[PDB]
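# Report on the structure
Spelled out from the first residue to the last, the chains are:
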Amino acid sequence: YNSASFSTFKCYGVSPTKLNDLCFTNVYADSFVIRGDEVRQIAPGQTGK
Amino acid sequence: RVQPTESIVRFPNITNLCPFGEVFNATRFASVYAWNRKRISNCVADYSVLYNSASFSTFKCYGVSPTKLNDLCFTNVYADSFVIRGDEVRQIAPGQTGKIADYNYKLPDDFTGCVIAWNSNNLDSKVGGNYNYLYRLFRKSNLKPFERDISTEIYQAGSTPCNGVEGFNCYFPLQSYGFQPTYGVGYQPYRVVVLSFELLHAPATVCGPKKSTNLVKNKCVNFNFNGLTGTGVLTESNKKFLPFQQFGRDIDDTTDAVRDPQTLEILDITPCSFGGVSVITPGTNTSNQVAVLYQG
Amino acid sequence: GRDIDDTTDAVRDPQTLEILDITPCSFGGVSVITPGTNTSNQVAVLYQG
Amino acid sequence: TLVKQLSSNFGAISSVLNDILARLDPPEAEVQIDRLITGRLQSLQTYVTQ
Amino acid sequence: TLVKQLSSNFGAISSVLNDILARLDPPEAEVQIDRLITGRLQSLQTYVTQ
Amino acid sequence: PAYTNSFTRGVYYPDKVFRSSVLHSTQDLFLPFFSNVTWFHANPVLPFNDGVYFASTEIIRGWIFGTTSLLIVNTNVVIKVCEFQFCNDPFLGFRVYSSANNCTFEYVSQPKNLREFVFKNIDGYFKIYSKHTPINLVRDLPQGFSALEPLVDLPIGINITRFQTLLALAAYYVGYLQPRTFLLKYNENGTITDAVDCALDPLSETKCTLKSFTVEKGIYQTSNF
Ligand SMILES: *[C@@H]1O[C@H](CO)[C@@H](O)[C@H](O)[C@H]1NC(C)=O
Ligand SMILES: *[C@@H]1O[C@H](CO)[C@@H](O)[C@H](O)[C@H]1NC(C)=O
Ligand SMILES: *[C@@H]1O[C@H](CO)[C@@H](O)[C@H](O)[C@H]1NC(C)=O
Ligand SMILES: *[C@@H]1O[C@H](CO)[C@@H](O)[C@H](O)[C@H]1NC(C)=O
Ligand SMILES: *[C@@H]1O[C@H](CO)[C@@H](O)[C@H](O)[C@H]1NC(C)=O
Ligand SMILES: *[C@@H]1O[C@H](CO)[C@@H](O)[C@H](O)[C@H]1NC(C)=O
Ligand SMILES: *[C@@H]1O[C@H](CO)[C@@H](O)[C@H](O)[C@H]1NC(C)=O
Ligand SMILES: *[C@@H]1O[C@H](CO)[C@@H](O)[C@H](O)[C@H]1NC(C)=O
Ligand SMILES: *[C@@H]1O[C@H](CO)[C@@H](O)[C@H](O)[C@H]1NC(C)=O
Ligand SMILES: *[C@@H]1O[C@H](CO)[C@@H](O)[C@H](O)[C@H]1NC(C)=O
């Protein structure tokens, strides 16, 4: 969060400030490149191309 | 044991009826983050007429039976009203958590009373969506039992001090609802009235409809003085009560005196005679006679 | 470490690898030594242990 | 002590049977009267042993 | 024996009080706390009788 | 503003029940014994932490409470409780407020001595106790017992933290109540006759433990350390 102003730093279901305390298992990482207008499409319960 | 003979009940002669319709179906309620408190006192209530008929989605009474709400007296019944999200109508209960549970309205862990809700998808389902109804999302800490907050300040998240810039890591603390008339049941607005009341605070006057009965004395009877139920022998005594005192106690915290609400006279209470029974027998080989001896 | 009755008696520092003893804080019972109310009102106080 | 051990809640809502019976339906009062019974039985047992 | 008795569930999920207080919500953790308290009072009444 | 001390003053009837020939232990807000009580002359903003023991030996009529709004004056009494606009010097001539915009509860009652009062805010009430007793010693709060009796119980429920006196254009003491436990002693008539502060001295705690006012020779266990 103390970085180069992540534009869409917004977690779902869990508060980002409480991420550190809780312990998860086997995190996956997905990386790709899209356009600015298409960033709003990446969200649970949302549709679009 | 000495069995009772008749029963007497004494409630104060109060004529005016508690205003309930002025609270339940009013013109417009308030938001969930700012809820008003209507205090009801000094009247004769009737919760059964609000129990039957009409159409209420939920009627859940905690710590008291809704059926028996018309014979016990109370002390300054409170009333709260607000409009709630459809899926959170069950989130207002003692103990259980939630967003609005700890950020809008937190009931105590020992709450007593009744939670009343009913459908409000007719007048509050505006075609464009009522934007007047507003809820809070961000707060530094959780709320306390029966706490309200109105103040709106820019929230702060970690570093990058906000001090009113509503920028990065800074959010407006509270967000609206929006009520389109075609949403599902999870989004549809609901209307909630929370009734809460304290039992042992003072000898108050709000009571259910119960006709009084003439006083009897020097007989083991059942009495009912303003929700105080017990069996005893009511006499006339000379103990001096100060004008503000109502009840009376003894060395081991047992009610041995009382003041009747109507006549305002001092009466004592003495338990009806008890005792064990012992039988003297000369043995069932010589004779079949006995001799009973009440002990006390 | 435990000694005879499943009570922790010594622990190891997880960063410097040192053994540290553990001893309970001091408790007891306050008592009042009085010569009688009908003789005086001066008392003395005894802390038990 | 035996008499004073009659104004304790023991975990119920009120230490009065005539109050509990006048505020709760039978389905939901026997989870309260039971706590009262347990507490008062233990009090009597201690008294008798002493 | 009185000291060693402090390491038994008595029906709760754990003997350590802090784990129960830091693993469960209060209104539900009250029953586990009450189970432990009942067990330990019944463990002190013995060692006084005997 | 001099400083004096109270001598077992400021005990009231905590409950509405009647007791006779009983030694009771109540846990409520009480003024601690031998406490340091201020002694003003004749009116700044006096803080209202939890309660106030206002005693005057008489010109002193009013008590405007609030945060920056209850009001009591002496017509006989008006208790208008609503938003006011207070002046720099709120005295009775008379300008104390500007208007009553969103006004609320308004109780007008029917239109050598020591006056003692106790004000409290618990769960939405404003309790006032009082007791008028004769005295011949000028100022210098005497030694004895005067159990205060309940006077009114206002169902107001507001946020009071600062109060100020309405001087009538005169000495009054102000002591603050604290959470303390007492051992009240009732006589056969139902009146409070004596009290013991169970947190003042070791002997007081010993008296409080045994539930008696006299202690014989010996050693007793009071509490834990
Ligand atoms: C990698 O990216 C993160 C995110 O902006 C930044 O904080 C970090 O300094 C970067 N590391 C390097 C070596 O540039
Ligand atoms: C609704 O208001 C009317 C007033 O005309 C009255 O029946 C009562 O106060 C309310 N009834 C219900 C069921 O809300
Ligand atoms: C109503 O009760 C009062 C006592 O508060 C009593 O004085 C009065 O006589 C009662 N009314 C009637 C009609 O008896
Ligand atoms: C009853 O008494 C008679 C004599 O008094 C004796 O012979 C007989 O055995 C007794 N029977 C019993 C059952 O006690
Ligand atoms: C942990 O890190 C500190 C920091 O330098 C170091 O002094 C210490 O030796 C380390 N402990 C272990 C067990 O490596
Ligand atoms: C205290 O002792 C004196 C003489 O020793 C006696 O006269 C008095 O009665 C005693 N006080 C009480 C309360 O017994
Ligand atoms: C009250 O406080 C003042 C100084 O603040 C002190 O001189 C005075 O002795 C105190 N009162 C008592 C009874 O000790
Ligand atoms: C009451 O007033 C004080 C200022 O005197 C303020 O700080 C506080 O937030 C207000 N509300 C409560 C509940 O104390
Ligand atoms: C008080 O009334 C005025 C108009 O007379 C109104 O503007 C103001 O909002 C009201 N204040 C409250 C707290 O209702
Ligand atoms: C109780 O009050 C009566 C009423 O006058 C009085 O005669 C009696 O002395 C009082 N009892 C006391 C002071 O112990």
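Look above for the structure.
Rules behind the numbers
- Residues numbered from 1 in each chain as written, not as in the entry; some residues may be left out.
- Chains lettered and ligands numbered in written order.
- Part of a larger assembly, values for the part shown.
- Heavy atoms only, no water.
- Contact = heavy atoms within 4.5 Å.
- Buried area = accessible area lost by both parts, 1.4 Å probe.
- Salt bridge = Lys/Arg side-chain N within 4 Å of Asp/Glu carboxyl O.
- Helix = DSSP H or I, 4+ residues; strand = E, 2+ residues; numbered from the N terminus.
- Nonpolar A, V, L, I, M, F, W, Y, C, P; charged D, E, K, R; others polar.
- Pairing = 2+ DSSP bridges.
- Buried < 20%, exposed > 50% of the residue type's maximum accessible area, 1.4 Å probe, protein only.
- Axes fitted to C-alpha atoms, helices over the stretch in contact; angles between N-to-C directions.
- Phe/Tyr/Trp six-rings, centres within 6.5 Å; stacked < 30°, edge-to-face > 60°.
- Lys NZ or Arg CZ within 6 Å of the ring centre and 35° of its normal.
- Expected span 1.5 Å × (residues − 1).
- Arc of directions from axis to C-beta.
- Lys, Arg positive; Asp, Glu negative; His and termini not counted.
- Polar contact = N/O pair within 3.5 Å; in protein donor to acceptor, adjacent residues only side chain to side chain.

The interface of chain C with chain F comprises 17 residues on the first partner and 16 residues on the second. With both sides pooled, the region where chain C packs onto chain F buries about 1300 Å², and carbon together with sulfur makes up 61% of that total. Among the residues of chain C in contact with chain F, C:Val30, C:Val32 and C:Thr37 are the three that bury the most area, contributing 39% of the side total. The tally of links between chain C and chain F comes to zero salt bridges. Mapped onto the side of chain C that touches chain F, the elements with two or more residues apiece are β3 (29–34) and β4 (44–47) of chain C. Among the elements that take part in the side of chain C that touches chain F, β3(C) stands out by supplying six residues, more than any other. Class assignment for the residues of the side of chain C that touches chain F results in nine nonpolar, eight polar and no charged. Where β3(C) lies against strand β14 (residues 218–224) of chain F, six bridges are found, and the strand directions are antiparallel. Residue pairing across strands places C:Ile33 opposite F:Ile219, the latter belonging to β14(F).

The top pair by number of contacts, from a total of seven pairs of chains in contact, is chains C and F. For chain A and chain C, which are not in contact, the least C-alpha distance works out to 20 Å. Without any contact between them, chain E and chain F keep their closest C-alpha atoms 19 Å apart.

One pass over the structure, following the stated rule, counts 17 salt bridges over all chains. Note that A:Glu38 is salt-bridged to A:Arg35, the shortest N-O span being 4.0 Å. With its nearest N and O atoms 3.0 Å apart, the salt bridge here joins B:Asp124 to B:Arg191. One end of the pair, B:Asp124, is in the loop between β5 (113–119) and β6 (134–136); the other, B:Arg191, is in strand β8 (residues 190–198), and 67 residues separate them in sequence. The class of B:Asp124 is buried, set by a relative accessible area of 2%.

Let us now look at the sheet that holds strand β6 (residues 60–64) of chain F. Residues and elements named next belong to chain F. Overall, antiparallel pairing links the three strands, which are arranged β4-β10-β6 in an open sheet. Whereas interior strands pair on both sides, the edge strands pair on one side only; in this sheet they are β4 (46–47) and β6. Note that β4 and strand β10 (residues 162–167) share two bridges and pair antiparallel. Looking at the pairing, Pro-47 lines up with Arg-162 of β10.

Residues and elements named next belong to chain F. Taken together, seven strands build an open sheet; the order of strands is β1-β3-β11-β5-β7-β8-β9 and the sheet is antiparallel. At either end of the open sheet lies a strand with only one pairing partner, and these are β1 (2–5) and β9 (149–154). Strand-to-strand twist across the sheet, computed as the mean angle between neighbouring axes with direction ignored, equals 25°. When strand β8 (residues 125–134) meets β9, the two strands line up antiparallel, connected through five bridges. For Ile-128, the partnering residue across the bridge sits in β9 and is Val-152.

Looking now at the pairing of strand β10 (residues 228–236) of chain B. Residue and element names in this part refer to chain B. Strand direction decides the pairing type here: strand β9 (residues 220–225) and β10, joined by six bridges, are antiparallel. Residue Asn-224 lies in a different strand from β10, and its bridge partner there is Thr-229. From the end of β9 to the start of β10, which pair antiparallel, there are two residues, and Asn-226 there has a positive phi angle of about 55°. Both β10 and strand β12 (residues 266–270) contribute to a ladder of four bridges, which runs antiparallel. Looking at the pairing, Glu-236 lines up with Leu-267 of β12.

Tallying each qualifying case throughout the model produces 44 aromatic pairs over all chains. For the pair B:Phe24 and B:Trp118, a centre-to-centre distance of 6.2 Å together with 35° between the ring planes defines the contact as tilted. Note that B:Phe24 is positioned in helix α1 (residues 21–24) and B:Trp118 in strand β5, a separation of 94 residues in sequence. For the pair B:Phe24 and B:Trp118, a shared accessibility class is recorded, and that class is buried. Taking 4.7 Å as the distance between ring centres and 35° as the angle between the ring planes, the aromatic pair formed by B:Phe241 and F:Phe18 counts as tilted. Placement of the pair is B:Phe241 in the loop between β10 and β11 (257–259) and F:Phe18 in the loop between β1 and β2 (23–30), with the two residues belonging to separate chains. Residue classification places F:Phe18 among the buried positions, given a relative accessible area of 2%. Put simply, the rings of F:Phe40, F:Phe48, F:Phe54, F:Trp63, F:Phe65, F:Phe117, F:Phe119, F:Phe126, F:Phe163 and F:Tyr172 pair up and form one aromatic cluster. Between B:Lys126 and the ring centre of B:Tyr131, over which it is positioned, the NZ or CZ distance is 5.4 Å.

This paragraph deals with helix α3 (residues 33–49) of chain D. Residues and elements named next belong to chain D. Given a rise of 1.5 Å per residue, 17 residues ought to cover 24 Å, and the 25 Å separating the end C-alpha atoms of α3 matches this to within 8%. Inspection of α3 places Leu-36, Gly-39 and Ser-43 among the buried residues, and these make up the whole buried set. Each buried residue of α3 lies within a common arc of 70° when the element is viewed along its axis, so the set occupies one face. In α3, the exposed residues that point more than 90 degrees away from the buried face are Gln-45, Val-48 and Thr-49. For α3, the elements touching its buried residues are α1 (17–20).

All right, on to the side chain of B:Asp250 then. Considering the arrangement of structural elements, one finds B:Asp250 in the loop between β10 and β11. Lacking a salt bridge, the buried B:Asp250 has B:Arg249 as its closest oppositely charged neighbour, with an N-O distance of 6.6 Å. Looking at B:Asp250, its side chain comes within polar contact range of the main-chain nitrogen of B:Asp253, at 3.1 Å. Ignoring any residue separated from it by four or fewer positions in sequence, one finds B:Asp250 in contact with B:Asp256 and F:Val22.

So, about the environment of B:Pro145. Residue and element names in this part refer to chain B. By the element assignment, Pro-145 lies in the loop between β6 and β7 (174–176). Judged by its relative accessible area of 47%, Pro-145 is partly exposed. Each C-alpha atom, one on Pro-145 and one on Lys-38, is 17 Å from the other, the two residues being 107 residues apart in sequence. If near-sequence neighbours (up to four positions away) are discounted, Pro-145 is found in contact with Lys-106 and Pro-108.

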